[PDB]
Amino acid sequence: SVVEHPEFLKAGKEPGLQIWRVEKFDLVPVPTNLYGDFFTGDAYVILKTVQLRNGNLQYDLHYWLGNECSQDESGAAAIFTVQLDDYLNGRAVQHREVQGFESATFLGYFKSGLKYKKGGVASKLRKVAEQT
């Protein structure tokens, strides 16, 4: 058995940059026009597909965590990454990217510079209060 998902069916099919945002426990595609605009309250999964001369495709998975993102989002970006790697027969290299501490490689995917925006989608984790 493997992991299936509509977005997984689209991942790494050709050279390019694919960006998904974690939205209420799901992997949601980011509009291509909005690439590089990251909500500091959210978590994302980026897949970078490069064409190798040998005809094979190289893969780099980066999960980006905003300073104000909730636990369900940062936890889910990490799991989805593992699952996307597995779906790609574990051929991907995984990178953890933290806001303001991103790697030079990742920063290079964005020619006009990556941009941070306040806000993001709400968490779906139900807050649990300690007994009064």
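Don't overthink the numbering: it's just position in the shown sequence, from 1.
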* For the higher mean C-alpha B factor in the entry, choose 98-106 or 74-82. => 98-106
* To do: Look over 20-28 and 110-118 in the entry and identify the one with the greater average Cα temperature factor.
  => 110-118
* **Relative C-alpha B-factor of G41, binned into the chain's lowest, middle or highest third** => middle
* To do: Give the position of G90 by CA B-factor within its chain, expressed as the lowest, middle or highest third.
  => middle
* To do: Report the third (lowest, middle or highest) to which the CA temperature factor of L34 belongs, ranking only the modelled residues of the same chain.
  => highest
